[PDB]
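A.B. asks: all I have is the shape, not the residue letters:
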């Protein structure tokens, strides 16, 4: 119950919705498959590409909140779990027969 | 709010010397981008309702949700009827509307919660049709919610 | 498992008692007699002790073997077969026995129960890759079973293979 | 259809038409000219995962005009182009003061469009086999 | 209690800034485009319009 | 890399191939990539492409 | 083509303006000689939601249909097509309780199921031919003097 | 009645998967856009 | 429509972005729909301690 030293991992790669670079590459792959007849310039000054990067950033934010633990996601303003769960003191005991 | 000032869609606006046409084009872009924001706002809104969807006291009437977006300076002009931005429930009915098949979805949620206690309400599906017509769908969902609320005593004092 | 609410060995209407019937899996047929599966004394007694502690101060339950008894099918010849040998009537008989055996003892069977109407039996056969039709079928109890004494009850009166009794019956011949 | 490695893309101040449901696009030399307008309209830290994109010309506001300044201006412009616009070669940068009183500095950039494809040019049917660095 | 901060009119910071410019470049150099110390933000945001 | 030129009067296909590749022998591959049949007479407004050589 | 037929086979018979007809289906749709319970039962048991057929019987539709044989197989005269007699019926149950059906709802389901078949027969009328590669034209014999 | 047994012990609506909190497809978001426009 | 243009290279750019965005969101649906399991597990293992 002592404090531990805190650090951050260095392998920032997951190939999922929390991985910015992964999302960006998939975005471009989809664009070529669907619209390369008309949209071929994928340089960084392009408004199209700019919009893609903004959206990828927004997706990471959403994924990060989905991973918040249950204890907080279903918390009540006043604390407790009154409308969510029945407690052991209430749901496990049996009438005496 | 993630774009540069050059685009002209941020809080500080766009300098007057650049002319009206450029200001108009900025308005057109704001319109376009709302198609992406309204969807994202819905997903965030849906997280806020998990507590209600699985409540033992009383669930919600809707299963899909949306939000007004108000951190955009001209939304009062972009929308044909600003009234909806004053009430997320009206906005939900207008934007999602029928796509939300509430009767079937509400039953699936209730059946799951009931199953967690190893109980089963399948027979209401037809027994109630000897008492009521089309009105059984509302009646049955009300009864299932009552059952969960009263469960602590029901399963114990046998 | 089967619980019998008012059953005593001499009564089906006695209050204050109960009988439980146990059926084993007997998957390892290398040992077990799969047409007479039985529970040993160890289990019959352990079950009774376990339950009697949880019932009520006033009630003891009894734990028994099912003492199985059952009727068996005969039918019109199949209108088709893969071959006289490959889908011999004997092969069909073996398949029929397995389908019923799965109720009596653990085995695989698509049908919900052996104790069913001919409609279920017909579907089970129709599903075969080596069949086309059969004009008629029946499954009365073996009144003509000489080994078990004569005068045995038959199951002729249009029953959907109903068990002969609440207990001491199985309707799972094979 | 010889000049297909300069590419095609969205116009910078994107305009939406209603006579057809489309957003206007640019190509070739027109596309290059709008790229330059974008680059010199944005600051270095304004893009999210592109922390080094844009220019520092604002550093020179509210300063006197002399030889040292002019040398510094030229350096800033040339480096921004070398890093961010692969399709051109600068030809001449002319820096002059047209107003005795008004605080104005006038910069005229002249450039040449390349006839051969650069290794930094991300245009779809080319970079796949030609974009080494 | 200590989370609450002080808000001030800008004139005293400008007098400081004037001194810096006079020492670094001279009295003929404009005071504009100089950063302020100990400032979190302007009280209000002023648009281009 | 890739290259484009415009045909001026006085140009021939094997002389232009020599100045771009260093060898005159690639003239039949340049003509096939441009769809030319009468390559011995070029018309003086045509824009041609010059593809790079394959590497492996 | 998706079915696996080739050109020689697809165009084997008369050309038909309304779409292609599959020879296998055509051979199969011959006038039936025999009807039997072992097939009818399988049809009913395979419908999703059906659990048990408790009673079933066939019979030549006739008058004074009193006590008669099961008719496990019914034979049909050599130039006739069999058809349901419209005096047929199915009693539906859940557990041990009988339930009642409404004619308008059934008619609507039947109509939708069959109407969707017409839509495909109509679509079949447009796609009746393969593509042929097309070239250009350019005076292939043009010649310039070696001088 | 035949009581119960091992093959009859599966509850079809206990497994969490039976509930899909979000079920829209690409085609539903496109309908959304047609109205929103 | 979606089938016809899948990998055709023929859509107008404003639809190209909208559809690519909708495809990227499929990974959010995958994560979001696992909440029902996490909820159940929490109740049986951390609230009831079983």
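C.D. replies: Right, received. Where do you want to start? Residues are numbered from 1 along each chain as shown, chains lettered A, B, ... in the order given.

A.B. asks: spell out which residues of chain A are next to chain D.
C.D. replies: A:20, A:32, A:36, A:38-48, A:50, A:53-54, A:57 (C-beta under 8 Å from any C-beta of the partner chain). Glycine gets a C-beta too; all of them are placed from N, C-alpha and C.

A.B. asks: give me the subset of those residues touching chain B.
C.D. replies: A:50, A:54, A:57.

A.B. asks: mind checking how far the first one is from chain F?
C.D. replies: Applying C-beta to the nearest C-beta, to the nearest Å, the value for residue A:50 to chain F is 27 Å.

A.B. asks: what's the local residue count around residue I:11?
C.D. replies: 21 (other C-beta atoms under 10 Å in any protein chain shown).

A.B. asks: that one in helix, strand or coil?
C.D. replies: Using DSSP: H, G, I helix; E, B strand; the rest coil, the structure places residue I:11 in coil.

A.B. asks: residue A:36 versus that one, what's the distance?
C.D. replies: 10 Å (C-beta to C-beta, to the nearest Å).

A.B. asks: of the residues of chain A next to chain D, grab the buried ones for PyMOL.
C.D. replies: Command for PyMOL that selects the buried part of these, burial taken from 16 or more other C-beta atoms under 10 Å in any protein chain shown:
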select buried, chain A and resi 20+32+36+38+39+40+41+42+43+45+46+47+48+50+53+54
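
A.B. asks: just the ones of the residues of chain A next to chain D in strands?
C.D. replies: Of the residues of chain A next to chain D, none are assigned to strands by DSSP state E.

A.B. asks: counting only helices, which of the residues of chain A next to chain D make the cut?
C.D. replies: Using DSSP state H, A:20, A:32, A:47-48, A:50, A:53-54, A:57 are the members of these that sit in helices.

A.B. asks: ok, back up a step: dump the ones next to chain B among the residues of chain A next to chain D to CSV, plus distance to residue B:13.
C.D. replies: Listed next are these as CSV, based on distance: C-beta to C-beta, whole Å:
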residue, distance to residue B:13
A:50, 20
A:54, 20
A:57, 23
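
A.B. asks: out of these, who's nearest chain B?
C.D. replies: residue A:54 (4.6 Å; C-beta to the nearest C-beta).

A.B. asks: OK, contacts around the closest one?
C.D. replies: B:2-3, D:48 (C-beta atoms under 8 Å, 6 or more residues apart in numbering or on different chains).

A.B. asks: would you mind finding the longest helix in chain F?
C.D. replies: helix F:13-21.

A.B. asks: please identify the buried residues of that helix?
C.D. replies: By neighbour count on 16+ other C-beta under 10 Å, the buried set for helix F:13-21 is F:13, F:16-17, F:21.

A.B. asks: which of those come close to chain D?
C.D. replies: Restricting the buried residues of helix F:13-21 to those near chain D - C-beta under 8 Å from any C-beta - leaves none.

A.B. asks: end-to-end on stretch B:40-53?
C.D. replies: With C-alpha to C-alpha, to the nearest Å as the measure, stretch B:40-53 spans 20 Å from end to end.

A.B. asks: sorry, slip of the keys, the one I care about is stretch A:7-26.
C.D. replies: Span of stretch A:7-26 from end to end, C-alpha to C-alpha: 30 Å.

A.B. asks: now check that stretch, is it near chain I?
C.D. replies: Yes. Stretch A:7-26 lies within reach of chain I by C-beta under 8 Å from any C-beta, at A:16-17, A:23, A:26.

A.B. asks: so which of those wins on neighbours?
C.D. replies: Counting neighbours by other C-beta under 10 Å, the top entry in those is residue A:17, with 24 neighbours.

A.B. asks: what sits against that one?
C.D. replies: A:23, A:59-60, A:62-63, I:27-28, I:31.

A.B. asks: quick one on the thing from earlier: which of the contacts of residue A:54 sits closest to residue H:2?
C.D. replies: residue B:2 (65.4 Å; C-beta to C-beta).

A.B. asks: the closest residue to the closest one other than its chain neighbours and residue A:47, how far apart?
C.D. replies: Using C-beta to C-beta, 6 or more residues apart in numbering or on different chains and skipping the chain neighbours, the partner closest in space to residue B:2 is residue A:54 (4.6 Å). From residue A:54 across to residue A:47, the span is 11 Å (C-beta to C-beta).

A.B. asks: which residue packs closest to the residue in chain I that chain F sits nearest to, ignoring adjacent ones?
C.D. replies: Nearest to chain F in chain I, going by C-beta to the nearest C-beta, is residue I:9, at a distance of 20.7 Å. Spatial nearest neighbour of residue I:9, excluding adjacent residues (C-beta to C-beta, 6+ apart): residue A:37 at 4.2 Å.

A.B. asks: does that neighbour touch residue I:12 like I think?
C.D. replies: No. The criterion here is C-beta atoms under 8 Å, and residue A:37 misses it with residue I:12 at 10.0 Å.

A.B. asks: between the two, tell me which one has more neighbours.
C.D. replies: residue I:12 (15 against 12).

A.B. asks: the more buried one and chain C, how far apart?
C.D. replies: 53 Å.

A.B. asks: any idea how many residues pack against the residue lying closest to that residue once chain neighbours are set aside?
C.D. replies: In this structure, residue I:12 finds its nearest non-sequential neighbour in residue D:22, 5.2 Å apart by C-beta to C-beta, 6+ apart. By other C-beta under 10 Å, the residues close to residue D:22 number 15.

A.B. asks: what does the longest helix of chain F contact?
C.D. replies: F:3, F:5, F:23-27, F:30-31, F:39-40, F:42, F:50, F:53.

A.B. asks: which parts of chain A sit against chain C?
C.D. replies: residue A:97.

A.B. asks: if we can go back for a sec, out of the buried residues of helix F:13-21, which is nearest to chain H?
C.D. replies: residue F:21 (48.7 Å).

A.B. asks: helix, strand or coil for the residue in chain F that chain C sits nearest to?
C.D. replies: Proximity to chain C, evaluated over chain F using C-beta to the nearest C-beta, is greatest for residue F:56 at 53.9 Å. Following three-state DSSP, we place residue F:56 in the coil state.

A.B. asks: roughly how far apart are the residue nearest the centre of chain B and residue B:43?
C.D. replies: Closest to where the C-alpha atoms of chain B average out (C-alpha atoms, centre = their mean) is residue B:65, at 1.0 Å. Noted for residue B:65: a distance of 9 Å to residue B:43, by C-beta to C-beta.

A.B. asks: now do the shared contacts for the two.
C.D. replies: With C-beta under 8 Å, 6+ apart, residue B:65 and residue B:43 have no common neighbours.

A.B. asks: quick one, helices of chain I?
C.D. replies: Using DSSP H, helices in chain I cover I:13-24, I:26-32, I:35-42.

A.B. asks: just to revisit the earlier point, and of the buried residues of helix F:13-21, the nearest to residue C:62?
C.D. replies: Looking across the buried residues of helix F:13-21 and measuring by C-beta to C-beta, the closest to residue C:62 is residue F:21, at 101.6 Å.

A.B. asks: I appreciate the help and will end here.
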